[PDB]
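To convert, take the position in the sequence shown, counting from 1, and add 6; that gives the entry's author numbering.
A virtual CB, placed ideally from N, CA and C, is assigned to each residue, including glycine.
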Amino acid sequence: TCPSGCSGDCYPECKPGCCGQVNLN
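Put into structure tokens, the structure is as follows:
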């Protein structure tokens, strides 16, 4: 799965960035 606390929406890619931290700007 996606790291602990990852938004299921980031699933199934489970990108730590979406998973644990949203900040691409």
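| Check | Outcome |
| --- | --- |
| Same chain, Cβ closer than 7 Å to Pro-22, five either side skipped, listed in chain order | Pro-9 |
| Sequence-distant residues of its chain with Cβ nearer than 8 Å to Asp-15 (five each side left out) | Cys-24 |
| Pairwise C-alpha distance: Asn-29 and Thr-7 | 21 Å |
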